[PDB]
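K.L.:
coordinates only, sequence not included:
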Ligand SMILES: COCC(CCO[C@H]1CC[C@@]2(C)C(=CC[C@H]3[C@@H]4C[C@@H]5O[C@]6(CC[C@@H](C)CO6)[C@@H](C)[C@@H]5[C@@]4(C)CC[C@@H]32)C1)COC
Ligand SMILES: COCC(CCO[C@H]1CC[C@@]2(C)C(=CC[C@H]3[C@@H]4C[C@@H]5O[C@]6(CC[C@@H](C)CO6)[C@@H](C)[C@@H]5[C@@]4(C)CC[C@@H]32)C1)COC
Ligand SMILES: COCC(CCO[C@H]1CC[C@@]2(C)C(=CC[C@H]3[C@@H]4C[C@@H]5O[C@]6(CC[C@@H](C)CO6)[C@@H](C)[C@@H]5[C@@]4(C)CC[C@@H]32)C1)COC
Ligand SMILES: CC(C)CCC[C@@H](C)[C@H]1CC[C@H]2[C@@H]3CC=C4C[C@@H](O)CC[C@]4(C)[C@H]3CC[C@]12C
Ligand SMILES: CC(C)CCC[C@@H](C)[C@H]1CC[C@H]2[C@@H]3CC=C4C[C@@H](O)CC[C@]4(C)[C@H]3CC[C@]12C
Ligand SMILES: CC(C)CCC[C@@H](C)[C@H]1CC[C@H]2[C@@H]3CC=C4C[C@@H](O)CC[C@]4(C)[C@H]3CC[C@]12C
């Protein structure tokens, strides 16, 4: 992919330039600002497509693209993704890769899920404050959960309406097309932006060793989680429901997992994994003809885990402890973000700002995660492919009523 | 109505549970919070449909559903409703059921009617402040009058456009359908919410007697106003315009008023009141074929009076004196709220938050009003039916040009 | 034009009433407030159509109404308008008609061009603050550049889509029609509003001589700029590109410039200037059949210059020095405002609030500018007509590939 290769070239460049300036001399604060600036603009542009993207995606999907076995597949996907995101959260909290009022927080979480006002939720959200007299107060920051929730309601309502809602459906389809064009164009400007951010981040970092160590630890944490979710959770769930050998199930797909790593894209891995389940496992083409394609765009357990660990890592590196609700916000958004990062084209950096915007984090340290995304990409892709295959086996096993 | 009966069952339950907990022991503040919480969410959900509801209703109505006699009917309706709402206001201020800078307030009222910005008006509104240097400042709280006003302008503008605006009209029709589905679904969750609110309200109340006394006084105040508007104002206006016996006019409709109480629904009272004016009064089927049906969804004088007295009662119980503008805001919103509470299905609790949101009141004490709405419902229904009948007589009398 | 004559009659009236009250006695502050009040409402109404107008105009234009020679015409127009607006800015700063952190300001300018959030930008915008620790902070005031920019992106994206975006295009066309009806209706209420504002402004002014002197100086400044742009810049550019006699080019059009002054409307001047270039200069009817009509609604160099000098004059009279970014905001909005004041019907007062809202100025002193707009209108009209003629010559000269 020209842009993936372009983004990595930009990273290297950005990195080399930052290193050169640092070893050359201590850069003036105003000049570091001007150095990282074209990265600020990359974020500002992407972050300004989040809201329209959330609204069009939710309403275009839940209406436009809505049997029993289909229900089974969706249940497996959502369940596995929530599992993956929760694993991510536990590991990033335990491992703590990033190195720097209980009921009330969850109470606010639940309030922010029903924003008193749609508009205001687009930029701010409710918080509890202690005065020992508690109050609600606004705090800046878009209510991602507030809006996602209400638009889910709205989309499910329209969807039920039927051809009566045709017009509004078509309008929102057009909107989604326009916003996706803009995301594509911005991600084309991304390589420069990422280069500038990395060059700036290096010039600011006080001890390369510490930051290098933290980022490496984050990568291992993402790695560990991909292994546990795919190597243990997926296979165990297979057995618990199928009572069959997960290794026997996995033995056949070896070619499929290989294509997964090889193509680094479920889309390109898709025809091989058709073959591997139809021929080797002998899964009914029906189940194979639905679970595989649907999963290729929504079942992204590896993506969700990466997105949760990354969000708490950025939190941690910024000396910010997330409250119980903020952690639930990460888990909820991480799952949605992965079903998006999978559907929306070149939306890898959009979704990560969505999760960070949702927890109210800096959103600048997103640059470090990019510097290493290219290594973690292979694994996370393969994890997503594996899950879809297990799902097809599970759906087929749970579909013997026939 | 399963839901009306459900809501009353919920009230009783809520009440019994609150009473039990109170007589059992003093509940911890955090636990009372968790008790009333599912009521907080009922409000948060309803209040989040106000804005879309205001926009779709105004634009779908003033465009989609827009002779001389028709003009006459609308004039009578709007006039009588404003009269009913003003009577409500005077009585609630005089009686004062709830028991706890002149020009500037009306000046702000007039400003808030033309919000400098549509978006900002969706969550905040202009106020005057004294520094002896006066200034305008924002104060949180959706500009209900700001938005209603501008959308009235917008809808009247589209309406005139004609079939040219077809598309935009159809789009907003679909929106209105979706938002009404959501209001219906939430009001289904209402019974639990109302029960929780009442249980909490009882646990907090310090002296049951005082609150019981206040709520009873509010009910009598609503009652008195229904009597004065229907028993005096309506009949007097009939004579002043018709110069005929209002008792002679009322004598025939007795059956109609009975059905009104019996069906507790103008809709179910509708065929009887057709009969009562066509047969007994001998009103021309033409006038009867328009005034009755149009009124059955817009002429709600009893509803407007209830909605104004309730709004100032909630104000009063909360030790808040309304300024001259806030009182005008209640009168204006109360009239619109009654034409809505009449059109929008199961919108009894939505409209009351609209009036409270408009005056910027607590919006939680709405629970007490629900506890007694079921008693006042009968009377207010009959008052609305009576007004429509008088209107048909007045329109027919004012339509002898023919 | 009944309304132009009405607006001037209102000015005279307003002025006479203000003068009478002032010579009669010192008016009470509350009564001056009530005097100017119906002007406040004129602004509040107009300013509340800016946002919808910006959105519908940008999306209806850049999509609905989008060869080489056509590209040439647009380049000439945009270039000449930016030149005109910059001349305006320099002159108003130099002459200083109105009589009362470098990089950071431009950095904010560039940020406000990519608002992190669409909604929030509709009412507020980013600023740098010094604590010696710099921060970004919100400051009230709609991000005109933020929204214009993003909608330009959105419209260009839809435009490319093609007939696929038909629906959304038609929807926004309808919206634009509705908003334009409202602007027309408000400008009908303008005469009273302007009269009230002028009556109030006179009653407040402490020294008529000083204010009279300042306004006269502003008029000369607008005059000087119209002369320099039309008398020097336009003709020079003609020669630089054509290497032909600008006087020989101008000699023929004399009749065209006359109609310009005579009709005080490029629209009415349009058939004469067709004649003057086709017959006298002998410009190919093709170029004449495009450059003239397109320019008659977008090439408004005289309008842009007026709008920049006016914006900085209102700034200056209000003892407000504009930062480097605010000046660029004026130049950018002034150009857009002139292409609008030209397209949108009776949008002379809307566009001036847009420029003032963009720089965050009082927006009330707009009354003085109206008091003298009628004199400056003749000249600015003729300047716009002249530019279109020069453009036709330049486009024809640059189009001899043929
Ligand atoms: C036979 O197969 C049938 C199948 C049916 C598909 O149904 C759709 C239902 C909604 C769903 C799951 C779909 C696609 C995009 C999904 C969205 C991506 C967006 O991303 C987010 C997060 C990140 C933001 C940047 C944007 O918004 C979410 C809120 C948004 C999202 C998760 C909302 C839900 C959407 C699929 C067809 O599948 C193609
Ligand atoms: C022959 O008969 C012809 C007749 C013509 C009807 O014309 C329509 C004109 C607008 C009007 C009066 C109508 C219905 C809903 C009315 C709305 C209910 C909403 O409620 C509110 C307040 C409460 C909020 C929760 C929502 O918004 C208002 C702002 C909204 C409202 C009052 C705006 C005005 C609307 C009727 C047909 O009648 C069916
Ligand atoms: C053969 O001829 C072809 C030609 C093609 C025309 O293409 C269109 C492209 C967009 C353009 C330049 C056009 C008309 C209105 C223009 C708008 C007026 C508005 O005014 C503003 C400022 C003032 C505000 C009050 C409203 O918004 C701008 C943001 C808005 C504006 C400048 C955005 C750009 C628009 C012409 C046809 O021409 C008729
Ligand atoms: C100010 C910017 C444009 C300077 C250049 C920065 C680099 C990193 C970026 C920014 C915009 C990018 C281009 C924008 C879009 C395209 C079209 C696509 O089909 C191939 C890649 C190509 C041609 C990109 C190559 C790299 C690019 C030039
Ligand atoms: C958490 C909630 C759901 C617990 C139950 C609370 C009670 C008061 C409410 C909430 C939702 C309600 C249900 C939602 C919708 C319907 C469908 C309708 O056609 C009949 C009533 C029925 C079946 C309602 C009965 C009462 C109900 C169960
Ligand atoms: C409160 C207002 C209405 C008082 C009058 C103020 C004056 C200055 C204004 C306000 C509204 C204006 C009218 C509104 C619209 C029209 C219709 C148009 O085809 C001719 C002019 C005419 C008839 C205007 C004449 C002047 C007018 C009466």
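P.N.:
Arrived safely. Numbers count the residues shown, from 1 in each chain, chains lettered A, B, ... in the order given. Ligands and ions are numbered 1, 2, ... in the order given.
K.L.:
hang on, residue A:91 packs against residue A:309?
P.N.:
Yes - counting by C-beta atoms under 8 Å, residue A:91 sits close enough to residue A:309 to count as a contact (6.3 Å). Yep, even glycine has a C-beta here, placed from its N, CA and C like the rest.
K.L.:
joint contacts of these two?
P.N.:
Common contact partners of residue A:91 and residue A:309 (C-beta atoms under 8 Å, 6 or more residues apart in numbering or on different chains): A:221, A:225.
K.L.:
same drill for the two, tell me which one is more crowded.
P.N.:
Higher neighbour count among residue A:91 and residue A:309: residue A:309, with 33 against 23, using other C-beta atoms under 10 Å in any protein chain shown.
K.L.:
do I have it right that the more buried one meets residue A:222?
P.N.:
Yes - contact status for residue A:309 versus residue A:222: in contact at 5.1 Å, counting by C-beta under 8 Å.
K.L.:
need the single longest helix in chain A, by residues.
P.N.:
If you go by DSSP state H, chain A has its longest helix at helix A:166-204.
K.L.:
pull the distance from the helix or strand that comes right after it to the chain's centre.
P.N.:
On the C-terminal side of helix A:166-204, the closest following helix or strand by DSSP states H and E is helix A:208-228. Mean-position distance between helix A:208-228 and its chain equals 17 Å (C-alpha atoms, centre = their mean, to the nearest Å).
K.L.:
in chain A, which spans are strands?
P.N.:
With DSSP state E, the ranges of strands along chain A come out as A:124-130, A:134-140.
K.L.:
quick one: closest of these to residue B:232.
P.N.:
Nearest to residue B:232 among the strands of chain A is strand A:134-140 (44.9 Å), distances taken as C-beta to C-beta.
K.L.:
tell me the angle that closest one makes with strand C:134-140.
P.N.:
Interaxial angle of strand A:134-140 relative to strand C:134-140 (axes from the mean of the first three to the mean of the last three C-alpha atoms, to 10 degrees): 100 degrees.
K.L.:
now for residue A:61: which residues touch it?
P.N.:
Neighbour list for residue A:61: A:155, A:343 [criterion: C-beta under 8 Å, 6+ apart].
K.L.:
how near is it to residue A:254?
P.N.:
Separation of residue A:61 from residue A:254 (C-beta to C-beta, to the nearest Å): 33 Å.
K.L.:
and if you look at residue A:53?
P.N.:
Distance from residue A:53 to residue A:254, by C-beta to C-beta: 37 Å.
K.L.:
so which of those two has more stuff around it?
P.N.:
residue A:53 (23 against 11).
K.L.:
list the contacts for the closest residue to that one other than its chain neighbours?
P.N.:
Of all residues not flanking residue A:53 in the chain, residue A:179 sits nearest, at 5.2 Å (C-beta to C-beta, 6 or more residues apart in numbering or on different chains). Residue A:179 makes contact with A:49, A:52-53, A:56 under the criterion C-beta under 8 Å, 6+ apart.
K.L.:
circling back: give me the angle between the longest helix of chain A and helix A:208-228.
P.N.:
With the same axes, to 10 degrees defining the directions, helix A:166-204 sits at 140 degrees from helix A:208-228.
K.L.:
what's the burial count for the residue lying closest to residue A:304 once chain neighbours are set aside?
P.N.:
Take residue A:304 and drop its neighbours on the chain: the residue closest to it by C-beta to C-beta, 6+ apart is residue A:338, 3.8 Å away. Look at residue A:338: counted by other C-beta under 10 Å, it has 28 neighbours.
K.L.:
quick one, what contacts residue A:338?
P.N.:
Counting by C-beta under 8 Å, 6+ apart, residue A:338 touches A:81, A:84-85, A:300-301, A:303-304, A:307, A:351.
K.L.:
hmm, 10 Å instead?
P.N.:
Residues in contact with residue A:338 (C-beta atoms under 10 Å, 6 or more residues apart in numbering or on different chains) are A:81, A:84-85, A:298-308, A:351, A:355, A:380, A:384.
K.L.:
before we move on, back to that, output the strands of chain A as CSV; include the columns distance to residue C:370 and mean neighbour count.
P.N.:
Shown next, in CSV, are these (distance: least, C-beta to C-beta, whole Å; neighbours: other C-beta atoms under 10 Å in any protein chain shown):
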stretch, distance to residue C:370, mean neighbour count
strand A:124-130, 38, 17
strand A:134-140, 39, 12
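K.L.:
and those: which comes nearest residue B:208?
P.N.:
Of all these, the one in closest proximity to residue B:208, counting by C-beta to C-beta, is strand A:134-140 (25.5 Å).
K.L.:
give me the contacts around the closest one.
P.N.:
A:101, A:104, A:107-108, A:111, A:116, A:120, A:123-129, A:131, A:360, B:29-30, B:33, B:40, B:123, B:140, C:117, C:120, C:138.
K.L.:
try it again with 7 Å
P.N.:
A:104, A:123-129 (C-beta atoms under 7 Å, 6 or more residues apart in numbering or on different chains).
K.L.:
in the stretch 201-350 of chain A, what residue comes closest to ligand 1?
P.N.:
Proximity to ligand 1, evaluated over the stretch 201-350 of chain A using C-beta to the nearest ligand atom, is greatest for residue A:340 at 2.3 Å.
K.L.:
pretty sure that residue is touching residue A:346, no?
P.N.:
No - the criterion here is C-beta atoms under 7 Å, and residue A:340 misses it with residue A:346 at 11.7 Å.
K.L.:
who has more neighbours, these two?
P.N.:
For residue A:340 versus residue A:346, neighbours defined as other C-beta under 10 Å are more numerous around residue A:340 (24 against 19).
K.L.:
what's the closest non-adjacent residue to that one?
P.N.:
residue A:351 (5.2 Å).
K.L.:
what's the farthest-apart pair in the contacts of strand A:134-140?
P.N.:
Between any two of the contacts of strand A:134-140, the greatest separation by C-beta to C-beta is 22.6 Å, found for A:104 and A:123.
K.L.:
of these two, who's got more company?
P.N.:
Per other C-beta under 10 Å, whichever of residue A:104 and residue A:123 has more neighbours is residue A:123, with 24 against 18.
K.L.:
now residue A:245. Its backbone dihedrals?
P.N.:
Phi and psi for residue A:245, reported as degrees, to the nearest 10, are phi -70, psi 110.
K.L.:
ok, now how distant is the residue nearest to residue A:294 when sequence neighbours are not counted from residue C:31?
P.N.:
Sequence neighbours aside, residue A:73 is the residue nearest to residue A:294 in space, at 5.6 Å (criterion: C-beta to C-beta, 6+ apart). Separation of residue A:73 from residue C:31 (C-beta to C-beta) stands at 74 Å.
K.L.:
neighbour-wise, which of those two wins?
P.N.:
Higher neighbour count among residue A:73 and residue C:31: residue A:73, with 27 against 12, using other C-beta under 10 Å.
K.L.:
ligand 1 contacts on the stretch 101-250 of chain A?
P.N.:
residue A:148 (C-beta under 6 Å from any ligand atom).
K.L.:
the closest residue to ligand 3 within the stretch 101-250 of chain A and residue A:171: what is the separation?
P.N.:
Residue of the stretch 101-250 of chain A nearest ligand 3, by C-beta to the nearest ligand atom: residue A:178 (16.6 Å). Plainly put, residue A:178 is 11 Å away from residue A:171 if you go by C-beta to C-beta.
K.L.:
returning to what we had before: for the contacts of strand A:134-140, give me CSV that also has distance to residue B:279.
P.N.:
Converted to CSV, the contacts of strand A:134-140 look like this (distance: C-beta to C-beta, whole Å):
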residue, distance to residue B:279
A:104, 65
A:123, 60
A:124, 60
A:125, 60
A:126, 58
A:127, 64
A:128, 63
A:129, 65
